[PDB]
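Below is one structure; the comments refer to it alone.
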Amino acid sequence: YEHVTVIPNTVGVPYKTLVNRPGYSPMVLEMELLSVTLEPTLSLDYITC
Amino acid sequence: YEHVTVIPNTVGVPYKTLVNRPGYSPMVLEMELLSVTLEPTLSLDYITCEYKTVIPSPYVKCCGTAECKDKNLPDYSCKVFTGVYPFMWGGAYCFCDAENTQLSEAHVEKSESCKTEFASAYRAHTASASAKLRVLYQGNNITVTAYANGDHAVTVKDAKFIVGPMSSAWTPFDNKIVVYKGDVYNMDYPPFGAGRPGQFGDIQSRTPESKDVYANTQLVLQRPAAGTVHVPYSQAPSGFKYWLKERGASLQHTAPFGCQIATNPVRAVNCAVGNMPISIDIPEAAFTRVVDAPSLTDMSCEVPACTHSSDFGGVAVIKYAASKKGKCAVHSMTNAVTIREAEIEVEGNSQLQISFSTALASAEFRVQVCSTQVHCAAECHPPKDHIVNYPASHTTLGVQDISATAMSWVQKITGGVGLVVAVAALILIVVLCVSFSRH
Ligand SMILES: *[C@@H]1O[C@H](CO)[C@@H](O[C@@H]2O[C@H](CO)[C@@H](O[C@@H]3O[C@H](CO)[C@@H](O)[C@H](O[C@H]4O[C@H](CO)[C@@H](O)[C@H](O)[C@@H]4O[C@@H]4O[C@H](CO)[C@@H](O)[C@H](O)[C@H]4NC(C)=O)[C@@H]3O)[C@H](O)[C@H]2NC(C)=O)[C@H](O)[C@H]1NC(C)=O
Ligand SMILES: *[C@@H]1O[C@H](CO)[C@@H](O[C@@H]2O[C@H](CO)[C@@H](O[C@@H]3O[C@H](CO)[C@@H](O)[C@H](O[C@H]4O[C@H](CO)[C@@H](O)[C@H](O)[C@@H]4O)[C@@H]3O)[C@H](O)[C@H]2NC(C)=O)[C@H](O)[C@H]1NC(C)=O
Ligand SMILES: *[C@@H]1O[C@H](CO[C@@H]2O[C@@H](C)[C@@H](O)[C@@H](O)[C@@H]2O)[C@@H](O[C@@H]2O[C@H](CO)[C@@H](O[C@@H]3O[C@H](CO)[C@@H](O)[C@H](O)[C@@H]3O)[C@H](O)[C@H]2NC(C)=O)[C@H](O)[C@H]1NC(C)=O
Numbered sequence: 001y002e003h004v005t006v007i008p009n010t011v012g013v014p015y016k017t018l019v020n021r022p023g024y025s026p027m028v029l030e031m032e033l034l035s036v037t038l039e040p041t042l043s044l045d046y047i048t049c
Numbered sequence: 001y002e003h004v005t006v007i008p009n010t011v012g013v014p015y016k017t018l019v020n021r022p023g024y025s026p027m028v029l030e031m032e033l034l035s036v037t038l039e040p041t042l043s044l045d046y047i048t049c050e051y052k053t054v055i056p057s058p059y060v061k062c063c064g065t066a067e068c069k070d071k072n073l074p075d076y077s078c079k080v081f082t083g084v085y086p087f088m089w090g091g092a093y094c095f096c097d098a099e100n101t102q103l104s105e106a107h108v109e110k111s112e113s114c115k116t117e118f119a120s121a122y123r124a125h126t127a128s129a130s131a132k133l134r135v136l137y138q139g140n141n142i143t144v145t146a147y148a149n150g151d152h153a154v155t156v157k158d159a160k161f162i163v164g165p166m167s168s169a170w171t172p173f174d175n176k177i178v179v180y181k182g183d184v185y186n187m188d189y190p191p192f193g194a195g196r197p198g199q200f201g202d203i204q205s206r207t208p209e210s211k212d213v214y215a216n217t218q219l220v221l222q223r224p225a226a227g228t229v230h231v232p233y234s235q236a237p238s239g240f241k242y243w244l245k246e247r248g249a250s251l252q253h254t255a256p257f258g259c260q261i262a263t264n265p266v267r268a269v270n271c272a273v274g275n276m277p278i279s280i281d282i283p284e285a286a287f288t289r290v291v292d293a294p295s296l297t298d299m300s301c302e303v304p305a306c307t308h309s310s311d312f313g314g315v316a317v318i319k320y321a322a323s324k325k326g327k328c329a330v331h332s333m334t335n336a337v338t339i340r341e342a343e344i345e346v347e348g349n350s351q352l353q354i355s356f357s358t359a360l361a362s363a364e365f366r367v368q369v370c371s372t373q374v375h376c377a378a379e380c381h382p383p384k385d386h387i388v389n390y391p392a393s394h395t396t397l398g399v400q401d402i403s404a405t406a407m408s409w410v411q412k413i414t415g416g417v418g419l420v421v422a423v424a425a426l427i428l429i430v431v432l433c434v435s436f437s438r439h
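For the record, the sequence lines run as chains D and B. Just so you know, we're using the deposited numbering here: the first sequence kicks off at 1 and counts up by one. Just so you know, we're using the deposited numbering here: the second sequence kicks off at 1 and counts up by one.
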C-alpha cells in the first residue's frame with residue numbers, strides 16, 4: 001500500500017498522518033525532519049588572496 | 001433422504017446446498033468438482049505415416065530391348081528407356097553402342113517407422129462423461145467418482161450419489177479427429193483410399209500392423225542421365241512429414257471453455273460448460289431433530305470489513321445466545337454472498353466469525369445460522385488488485401441487485417419527479433372536474 005502525504009519543511013516538529021486501508025485497522029505515522037540540507041553545486045570562478 | 005440439486009460445471013469452486021428436512025435441523029452440504037472427464041468413443045479410421053520408396057536395381061539390357069510386367073504393389077511404376085549407354089567405374093557397361101534399353105521400376109511401401117511414428121485418424125462418437133466430486137459430509141471430506149449419465153450410483157459412508165446427465169452435450173472433439181502422440185487435432189481427413197499427394201493421408205493403412213497400404217504419391221519415373229546408372233523419379237514428398245512441420249496448435253491450446261486435452265485414452269478434462277444434476281440419498285442417521293439441535297436467539301451481526309475481492313474478502317461477526325452446546329450449519333439466504341464455512345460451534349452467549357465473498361458494493365443479506373435468520377448489512381470496498389490467479393468465489397453480478405446502498409439518490413430524484421407529476425396530475429384533475437361541472 002502506497003501512502004502519499006505532505007509535511008511542512010520546518011525542522012524538529014513531528015507531524016502525524018493516518019494511513020487508512022479499508023479492511024485493516026487504522027495506522028498512524030509520525031514523521032519529523034531532523035535535518036534538511038541544500039548543497040549547491042559549485043563551479044569555481046577564481047581564487048583571490 | 002433424497003436431495004436433488006444443480007451445480008455449475010466450474011472445477012475447483014465449492015458450492016453450498018441446503019438440505020432442509022422439516023422436523024430436523026437444517027443441513028449444509030459443500031460439493032466441489034475435482035475433475036470432469038469427457039472420454040469420447042473412438043473408432044480408428046486409419047493410420048498415416050512416412051512412406052519409403054523401394055527401387056530394385058535397374059535392368060540394363062544392351063544389344064536388346066527390355067520389358068516388364070504389371071505388378072500389384074501399392075504404387076508400382078515401371079518404364080523402359082531407349083538409347084541409354086551407361087558407364088561403370090571401369091568404363092562402358094557393354095559394347096553395343098545404341099539400341100540399348102534400361103528398365104526402371106519402383107514402388108511405395110510403408111516404412112518400418114510406421115510402427116512408432118504415425119498419426120491415428122479417428123472418428124468420434126458420444127462421450128462417456130465421468131466426474132470426481134468432493135463432499136463435506138458432516139465435517140468429513142468424502143470423495144466420489146461416478147459416470148455422469150444419470151446412472152451408476154456410488155455409495156460412500158452409506159450415502160448414495162447419482163450424477164448427471166450433462167446439461168450440455170458440447171464436447172471439444174468434432175466427428176473426425178487426429179491423434180499424433182499426445183496432441184489431438186480437429187481436421188477433416190481424406191477418406192481411406194482417396195488420399196492426395198503431399199498432404200495428410202497420402203499413405204494410409206487400417207492398422208499399423210496391416211499389410212494393406214494405399215499410396216497416392218504421384219510417383220513418375222524419369223529418364224536417367226546419360227552415362228549414369230541411377231534411377232531418377234519425381235515424387236511428391238511425404239504428406240505426413242509436411243503435416244508434422246505444419247501442424248499448428250492442437251486442441252490442448254485452442255479448445256474453448258478452457259478444456260484440457262489428454263491422450264491414451266483421448267480425454268477432455270475440466271470443461272466448464274453446462275451444469276450437473278446431483279441427487280443424494282442421505283442416511284437418516286445424519287439428521288438431527290429440531291428440538292435436539294441447539295436453538296439460537298438474541299443474535300446480531302456486524303461486518304468489520306467487506307471487500308468484493310473474489311477470495312472471501314468479507315468477514316462478519318455474529319453475536320449469539322445459544323440454548324446449549326452443539327453443532328449448527330450456517331447458510332446464506334441470498335445468492336449474492338457466499339459463506340466459506342459450513343458449520344460453526346455454538347455455546348451459551350458468545351460470538352462467531354464467518355468469512356464470505358460477494359460482488360455487492362453494499363452487502364445486505366440474511367444469514368440463517370441455525371433455523372434463525374439474522375439480517376447483516378454493511379459497506380463494501382473495491383479491492384486494489386486488478387488480476388488474480390483464481391476464479392471468482394462468489395456468484396455473478398445480477399441485474400440491478402448490486403446497486404450500492406447510496407442509490408438513495410435514485411430514490412430521491414425519482415421521488416421529486418413523481419412529486420411534480422403528482423402535483424401536475426392533481427391540478428389537471430381539479431381543472432377537469434371544474435370544467436365538467438361548468439356548463
Ligand atoms: C588550511 O585549511 C584550508 C581550508 O581547508 C586549506 O585550504 C584548502 O586547500 C586545498 C588545497 O589547495 C583545497 O583543495 C583543492 O585544491 C586543489 C589544488 O589544485 C584545487 O584544484 C581544488 O579545487 C577543485 O576541486 C574542488 C573540490 O572538488 C572543486 O570544488 C573546485 O571547483 C575545483 O574543481 C575544479 O573546478 C573546475 C571549474 O572550472 C573544473 O573545470 C575542474 O574539472 C574541477 N576539478 C575537480 C578535480 O573537481 C581544491 O581547491 C581546498 O579547497 C582548500 N579549502 C577550501 C575551503 O577551499 C589550506 O590548504 C590548509 N593549509 C595548508 C597548509 O594546507
Ligand atoms: C510408443 O509410445 C506410443 C504412445 O506412448 C505408443 O502408441 C501406441 O501404439 C500402439 C501400437 O502398438 C497403438 O495400439 C495399441 O496397442 C495395443 C497393444 O497392447 C493394442 O491392444 C491396441 O491396438 C489396437 O487398437 C485399435 C483401437 O481400435 C484397434 O482398432 C487396432 O486393431 C489396434 O491393433 C492399442 O490401441 C496405440 O493406439 C498407440 N497409442 C496412441 C495413443 O496412439 C507406441 O506403441 C509406443 N511404442 C512404439 C514402438 O512406438
Ligand atoms: C476438506 O477439504 C477442504 C478442501 O479440500 C482440500 O483440497 C486440497 C487443497 C487438499 O488440501 C485436500 O487434501 C483437501 O481435501 C479443506 O479446505 C481447505 O483446507 C486447507 C488446509 O490446508 C486450506 O489451506 C489453508 O489456507 C489458509 C488460508 O489460505 C493458509 O493460511 C493455510 O496455510 C492453508 O494453506 C484451504 O484454504 C481450505 N480451502 C477452503 C476452506 O476452501 C478442508 O480443511 C478439509 N476439511 C477436513 C475436515 O478434512
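In this text, a Cβ means the ideal position worked out from N, Cα and C, and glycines have one as well.
Starting from the beta carbon of residue i, find every residue of chain D whose beta carbon is closer than 8 Å, and list them in chain order.
{"i": "residue 307/B", "result": "22 and 23"}
What is the DSSP secondary structure of residue i, reduced to helix, strand or coil?
{"i": "residue 254/B", "result": "helix"}
{"i": "residue 343/B", "result": "coil"}
{"i": "residue 412/B", "result": "helix"}
{"i": "residue 29/D", "result": "strand"}
{"i": "residue 266/B", "result": "coil"}
{"i": "residue 120/B", "result": "strand"}
{"i": "residue 380/B", "result": "coil"}
{"i": "residue 91/B", "result": "strand"}
{"i": "residue 111/B", "result": "coil"}
{"i": "residue 49/D", "result": "coil"}
{"i": "residue 456/B", "result": "The question about residue 456/B has no answer, for chain B in this structure spans 1 to 439."}
{"i": "residue 425/B", "result": "helix"}
{"i": "residue 2/D", "result": "coil"}
{"i": "residue 419/B", "result": "helix"}
{"i": "residue 213/B", "result": "coil"}
{"i": "residue 357/B", "result": "strand"}
{"i": "residue 434/B", "result": "helix"}
{"i": "residue 99/B", "result": "coil"}
{"i": "residue 284/B", "result": "helix"}
{"i": "residue 178/B", "result": "strand"}
{"i": "residue 55/B", "result": "coil"}
What are the start and end residues of the beta strand (DSSP E) that includes residue i?
{"i": "residue 338/B", "result": "337-339"}
{"i": "residue 138/B", "result": "Element bounds for residue 138/B: n/a, residue is neither H nor E."}
{"i": "residue 15/B", "result": "15-19"}
{"i": "residue 365/B", "result": "362-368"}
{"i": "residue 59/B", "result": "59-61"}
{"i": "residue 299/B", "result": "296-305"}
{"i": "residue 277/B", "result": "275-281"}
{"i": "residue 205/B", "result": "203-205"}
{"i": "residue 71/B", "result": "Segment: none, residue 71/B is in no beta strand (DSSP E) and carries neither H nor E."}
{"i": "residue 77/B", "result": "77-82"}
Could you list which residues in chain D have their beta carbon closer than 9 Å to that of residue i, in chain order?
{"i": "residue 381/B", "result": "22 and 23"}
Which stretch, first to last residue, makes up the alpha helix (DSSP H) that contains residue i?
{"i": "residue 245/B", "result": "239-245"}
Chain D contacts from the region 346-359 of chain B (Cβ-Cβ distance under 7 Å): none
When Cβ atoms are compared, which residues of the region 19-33 of chain D fall closer than 8 Å to chain B? Listed by position, the residues of the region 19-33 of chain D near chain B (Cβ gap below 8 Å) are 22, 23 and 24.
Contact the region 231-251 of chain B vs the region 37-45 of chain D: 3+ CB pairs below 8 Å: no
Closer than 8 Å, Cβ to Cβ, to anything on chain D: give me those residues from the region 394-409 of chain B, in chain order. none
Assess contact between the region 100-118 of chain B and the region 76-92 of chain B, defined as three or more Cβ pairs (one per stretch) separated by less than 8 Å. Is contact present? yes
Inspect the CB distances between the region 310-327 of chain B and the region 8-22 of chain B and report whether three or more fall short of 8 Å. no
State whether the region 134-146 of chain B contacts the region 18-32 of chain B, with contact taken as three or more CB pairs (one from each stretch) at a distance under 8 Å. yes
Give a yes or no on contact between the region 200-210 of chain B and the region 282-297 of chain B, applying the rule of three or more CB pairs nearer than 8 Å. no
Would you be able to state if there are at least three C-beta pairs under 8 Å between the region 191-203 of chain B and the region 215-222 of chain B? yes
Examine the Cβ distances between the region 279-289 of chain B and the region 39-51 of chain B and report whether three or more of them are shorter than 8 Å. no
Could you tell me whether the region 347-364 of chain B touches the region 389-405 of chain B, where touching means 3 or more Cβ pairs closer than 8 Å? Taking a cut-off of 8 Å on C-beta distances, the region 347-364 of chain B touches the region 389-405 of chain B, as three or more cross pairs fall below it.
Would you check if the region 158-170 of chain B and the region 271-279 of chain B touch, i.e. whether three or more CB-CB distances between them fall below 8 Å? The way I'd put it, the region 271-279 of chain B does touch the region 158-170 of chain B; three or more beta-carbon pairs between them come closer than 8 Å.
Below 8 Å, how does it come out for the region 167-180 of chain B and the region 122-132 of chain B: are there three or more Cβ pairs, yes or no? yes
For the region 234-242 of chain B against the region 88-104 of chain B, do three or more pairs of beta-carbon atoms, one drawn from each stretch, fall closer than 8 Å, so that the two count as touching? no
Would you check if there are 3 or more beta carbon pairs closer than 8 Å linking the region 403-413 of chain B to the region 332-349 of chain B? no
Can you confirm whether the region 223-233 of chain B touches the region 144-159 of chain B when touching is taken to mean that 3 or more C-beta pairs between the two stretches lie within less than 8 Å? no
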